[PDB]
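Asker: return a 3D structure for these sequence lines:
(2 chains, ligands or ions: 2)
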Amino acid sequence: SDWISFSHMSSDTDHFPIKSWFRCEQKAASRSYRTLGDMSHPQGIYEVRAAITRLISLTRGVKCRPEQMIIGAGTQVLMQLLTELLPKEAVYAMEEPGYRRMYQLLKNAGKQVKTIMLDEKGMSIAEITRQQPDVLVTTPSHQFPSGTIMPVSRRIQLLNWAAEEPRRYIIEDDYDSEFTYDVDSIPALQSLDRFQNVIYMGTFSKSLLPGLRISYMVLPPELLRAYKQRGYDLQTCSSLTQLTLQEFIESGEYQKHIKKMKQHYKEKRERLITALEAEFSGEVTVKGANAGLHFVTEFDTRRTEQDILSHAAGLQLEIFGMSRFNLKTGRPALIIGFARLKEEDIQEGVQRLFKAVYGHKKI
Amino acid sequence: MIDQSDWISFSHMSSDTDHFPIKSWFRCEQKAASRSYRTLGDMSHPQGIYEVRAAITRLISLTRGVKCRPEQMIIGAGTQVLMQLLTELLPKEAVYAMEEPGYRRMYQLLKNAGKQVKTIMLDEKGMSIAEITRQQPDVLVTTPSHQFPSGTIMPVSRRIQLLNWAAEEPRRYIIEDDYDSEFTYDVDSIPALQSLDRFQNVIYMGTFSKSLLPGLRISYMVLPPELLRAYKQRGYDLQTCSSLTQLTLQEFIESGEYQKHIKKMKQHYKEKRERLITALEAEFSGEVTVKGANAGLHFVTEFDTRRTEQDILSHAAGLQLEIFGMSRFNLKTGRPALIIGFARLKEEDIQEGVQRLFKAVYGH
Ligand SMILES: Cc1ncc(/C=C/c2nnn[nH]2)c(/C=N/[C@@H](CCC(=O)O)COc2ccccc2)c1O
Ligand SMILES: Cc1ncc(/C=C/c2nnn[nH]2)c(/C=N/[C@@H](CCC(=O)O)COc2ccccc2)c1O
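Answerer: Residues are numbered from 1 along each chain as shown, chains lettered A, B, ... in the order given. Ligands and ions are numbered 1, 2, ... in the order given. See below for the structure:
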């Protein structure tokens, strides 16, 4: 195929060390084959949880005991489980724009879900305070999709809000947090909390592969108590997959991989920005590009988003429109992911985009 | 002394890691990866990769006569996630009914979702249609190929009474849980209940987690059109089975490795069951009643003994014999009945195992 991907929901496969991953799986398998049908703790194998605990304490400042952690095949199963540990009449609140899939999950569960618009610092604490929800879903590292990084002041506002009344919860979806360009790392919301009002949720899908689904969540001890009272849950990650993750982490292959990828995506992001800036000269507006694996581009042009995307599809440019992320007019806005984008396709990538916005490039 | 490690297991909740072709599984995974690596980076179709679903569909039509299209099938990491999903596709206020004795874990899942769950006793033909029509549930959970745990194979005639019952009123459904259906022994090679479902009241539930790599959970669910339509209305589900685990399973099947393994295992289990039956019959000479064999990986033993089912169980730990009593499969009182599972039982251990059991039962 001659497709070029500006997709945010695909991941790199050319730079993921799949041979290392398989070697770790062989090493795990050799270490624990006798017990493979035995290590089935519903929360995840303890040592896997401890390995992830150590990792996210180092790289995110998350503080927690392995016993608080729950591993799962993907963020959806963990979220669904979460909605059953939280009070059943909890009013939820989601960033708009945001993760519509999760919006739909909460609606389908019959939950009330308020939509909290963004401002320059991320999820609006004014809309939060006005609408008085019980549970926040927020993406502080790199707002999904707008790309805004929640500054520390706004984190503190959200935590003060959770702290002012019993039984308010912040679900911190730290998706896309493994990378930070032209700015340093901000400690996680969970890390700043002087209390225990944050559920930390992380995923390995952006850093290993969507193909494999591994996610986890760190419960505040009281939601852990409700979880432990259930008595019937089964782990959804295969034991060998968990042990492979453990070996991949404790061998150092994981941290080696992230470091190399941090450099790769930084240079890719820079070059892709320069190329968008030369091709569009000033008629592109780029925002949300200080972290994560995508940013936003707004375009000064006359066609609809449904049209610009319909042309790009014809021109074999995989790209998505910002309208997809309304939970529910202006100039067209698109999501440029660059995780799957080959460096050698950057120049030809913007062209096709510079042509999907209308149909040409006369110069 | 009394070697502490010398445990013999009669437990049903197992699968012989020893006998699984682990190297063939990894070679299939490697072949899948060579063919499709540039595809792991994509998002699986939410139902599961089509070609995986198609391979499973071809398999279960051959091996069970299930009649379905890959389009109807939903892959998931274990039966529980699929059952949770199912409870959300079925009407909120649906009234469920499960076999008693049965699978406590699914009972707990349903009750924790706030569902009314009826418990339905067995007769000689399995789940009691008479109790079903008395207690008036909407959705049945049943194990027709080999009732868990009594081991009764529901005969065609009772299958038809269930199908008739479901067709009589709107919003009835039959969940066919076809666990441990990869094995039958010399009788009752009867196809899936779903193969008779002229009116689309059946949801077929199958699983590989007994057949494949220990610790791996791959299950699937075949949905009738109205529930499939309800599933497509959601628009937000993410496939829980790793794409590469799906592609390995597909290679395992289409390379023939999967069926080769089942033929071998089936043979192994038929002989092990035979040898274990001959031994129980020799040791107990009629003071034992075996029922619920001819399929699966466990059967039931009723014992000719003044001892308590709980006295036998506690003496059994005292002999390093891991065994389970029928009493543990009540959801929520006479001759003692035990579940003999021979999944993780060594042929070396058959003669010792029944002799230990004889002293669990009688004390001498
Ligand atoms: C804020 C947020 N929170 C969780 C997830 C999903 C998590 C997960 N964790 N484990 N499994 N799934 C997503 C992304 N969702 C998909 C597309 C969004 C959409 O356009 O709908 C992309 O999925 C991935 C693709 C490649 C790599 C990693 C994720 C997300 O934006
Ligand atoms: C009627 C029925 N339906 C599905 C499943 C499991 C499905 C699955 N697939 N993937 N993930 N979960 C089981 C599980 N039974 C286990 C629990 C025993 C208990 O405590 O009662 C024991 O293991 C087995 C023993 C004998 C046969 C099969 C399994 C079951 O009984």
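
Asker: kindly report the residues of the stretch 251-363 of chain A close to ligand 2.
Answerer: Within the stretch 251-363 of chain A, no position lies close to ligand 2 (Cβ under 6 Å from any ligand atom). No exception for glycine: its C-beta is placed from N, CA and C like everyone else's.

Asker: all helices of the stretch 251-363 of chain A, in order?
Answerer: A:253-280, A:305-314, A:346-356 (DSSP state H, counting those that start in this stretch).

Asker: can you tell me if the first one touches ligand 1.
Answerer: In this case it means helix A:253-280. No. With Cβ under 6 Å from any ligand atom as the criterion, ligand 1 is not reached by helix A:253-280; the gap is at least 12.5 Å.

Asker: just the shortest one next, same as before
Answerer: No. Contact between helix A:305-314 and ligand 1, assessed by Cβ under 6 Å from any ligand atom, is absent, since the two come no nearer than 13.3 Å.

Asker: what helices and strands are in contact with that helix?
Answerer: Applying 3 or more Cβ pairs under 8 Å, 6 or more residues apart in numbering or on different chains; DSSP states H and E, we find helix A:305-314 packed against strand A:320-321, strand A:333-337, helix A:346-356.

Asker: now do the same contact list for residue A:211.
Answerer: B:39-42, B:44, B:242-244 (Cβ atoms under 8 Å, 6 or more residues apart in numbering or on different chains).

Asker: show the contacting residues for residue A:154.
Answerer: Per Cβ under 8 Å, 6+ apart, neighbours of residue A:154: A:121-123, A:125.

Asker: so what's the residue count around residue A:256?
Answerer: 13 (other Cβ atoms under 10 Å in any protein chain shown).

Asker: just the closest of the contacts of residue A:211 to ligand 2, please.
Answerer: Closest approach to ligand 2 among the contacts of residue A:211 (Cβ to the nearest ligand atom): residue B:242, at 14.6 Å.

Asker: how long is stretch A:104-121 end to end?
Answerer: Taking Cα to Cα, to the nearest Å, stretch A:104-121 runs 25 Å from one end to the other.

Asker: give the buried residues for that stretch.
Answerer: For stretch A:104-121, the neighbour count (16 or more other Cβ atoms under 10 Å in any protein chain shown) marks A:104-107, A:111, A:113-116, A:118, A:121 as buried.

Asker: next one: stretch A:33-42
Answerer: By neighbour count, with 16+ other Cβ under 10 Å as the criterion, the buried positions of stretch A:33-42 are A:33, A:36-37, A:39-40.

Asker: counting neighbours, what do you get for the closest residue to residue A:47 other than its chain neighbours?
Answerer: Of all residues not flanking residue A:47 in the chain, residue A:246 sits nearest, at 5.9 Å (Cβ to Cβ, 6 or more residues apart in numbering or on different chains). When counting by other Cβ under 10 Å, one arrives at 23 neighbours for residue A:246.

Asker: I figured residue A:246 hits residue A:28, correct?
Answerer: Yes. Counting by Cβ atoms under 8 Å, residue A:246 does reach residue A:28; the two are 7.0 Å apart.

Asker: okay, and which of the buried residues of stretch A:104-121 map to helices?
Answerer: A:104-107 (DSSP state H).

Asker: got these as JSON lines, with distance to ligand 2 columns?
Answerer: Shown next, in JSON lines, are these (distance: Cβ to the nearest ligand atom, whole Å):
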{"residue": "A:104", "distance to ligand 2": "26"}
{"residue": "A:105", "distance to ligand 2": "22"}
{"residue": "A:106", "distance to ligand 2": "26"}
{"residue": "A:107", "distance to ligand 2": "28"}
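
Asker: quick check: which of these are also close to chain B?
Answerer: A:104-105 (Cβ under 8 Å from any Cβ of the partner chain).

Asker: closest to ligand 1 among the ones in helices among the buried residues of stretch A:104-121?
Answerer: Comparing those against ligand 1 with Cβ to the nearest ligand atom places residue A:104 closest, at 9.9 Å.

Asker: residues contacting the closest one?
Answerer: B:234-236.

Asker: ok, 10 Å please
Answerer: Contact partners of residue A:104, counting by Cβ atoms under 10 Å, 6 or more residues apart in numbering or on different chains, are A:113, A:327, B:234-237.

Asker: which is the next helix or strand following the host helix or strand of residue A:161?
Answerer: Taking DSSP states H and E as the definition, residue A:161 sits inside helix A:152-163. Using DSSP H and E, the helix or strand that follows helix A:152-163 towards the C-terminus is strand A:169-173.

Asker: mind checking the SS state of the residue positioned nearest the centre of chain A?
Answerer: The residue lying closest to the centre of chain A (Cα atoms, centre = their mean) is residue A:175, at 2.1 Å. Following DSSP: H, G, I helix; E, B strand; the rest coil, residue A:175 is assigned to coil.

Asker: list the buried residues in stretch A:327-341.
Answerer: Counting neighbours by 16+ other Cβ under 10 Å, one finds that the buried residues in stretch A:327-341 are A:327, A:332-341.

Asker: hmm, that stretch touching ligand 1?
Answerer: No. With Cβ under 6 Å from any ligand atom as the criterion, ligand 1 is not reached by stretch A:327-341; the gap is at least 7.1 Å.

Asker: end-to-end on that stretch?
Answerer: Termini of stretch A:327-341 sit 28 Å apart (Cα to Cα).

Asker: and that stretch, how far from the chain's centre?
Answerer: Offset of stretch A:327-341 from its chain centre (Cα atoms, centre = their mean, to the nearest Å): 15 Å.

Asker: for stretch A:262-277, same thing?
Answerer: Distance of stretch A:262-277 from its chain centroid, counting by Cα atoms, centre = their mean, is 20 Å.

Asker: what sits up against that stretch?
Answerer: With Cβ under 10 Å, 6+ apart, stretch A:262-277 has contacts from A:6, A:12, A:14-15, A:178-182, A:261, A:284, A:286, A:289-295, A:297, A:336, A:338-339, A:341-343, A:346-351, A:353-354.

Asker: which of those count as buried?
Answerer: Buried among the contacts of stretch A:262-277 by 16+ other Cβ under 10 Å: A:6, A:12, A:178-181, A:261, A:284, A:286, A:289, A:291-295, A:297, A:336, A:338-339, A:341, A:346, A:349-350, A:353-354.

Asker: among those, which are within reach of chain B?
Answerer: Contacts with chain B within the buried ones among the contacts of stretch A:262-277, as defined by Cβ under 10 Å from any Cβ of the partner chain: A:12, A:339.

Asker: show me the contacts for the residue lying closest to residue A:257 once chain neighbours are set aside.
Answerer: Distance criterion Cβ to Cβ, 6+ apart; nearest residue to residue A:257, sequence neighbours excluded, is residue A:17 at 6.0 Å. Applying Cβ under 10 Å, 6+ apart to residue A:17 gives the contacts A:23-24, A:208, A:248, A:253-254, A:256-257, A:260-261.

Asker: next: residue A:223.
Answerer: So residue A:223 contacts A:68, A:70, A:81-82, A:85-86, A:169, A:196, A:199, A:217 (Cβ under 10 Å, 6+ apart).

Asker: contacting residues for the spatially closest residue to residue A:199 that is not a sequence neighbour?
Answerer: Leaving aside its sequence neighbours, residue A:199 sits nearest to residue A:171 (Cβ to Cβ, 6+ apart; 4.9 Å). Applying Cβ under 10 Å, 6+ apart, we find residue A:171 in contact with A:78-79, A:82-83, A:86, A:92-94, A:102, A:135-139, A:189, A:198-201, A:217.

Asker: which helix or strand contains residue A:194?
Answerer: Going by DSSP H and E, residue A:194 is not part of any helix or strand.

Asker: how close does it sit to ligand 1?
Answerer: Distance from residue A:194 to ligand 1, counting by Cβ to the nearest ligand atom, to the nearest Å: 26 Å.
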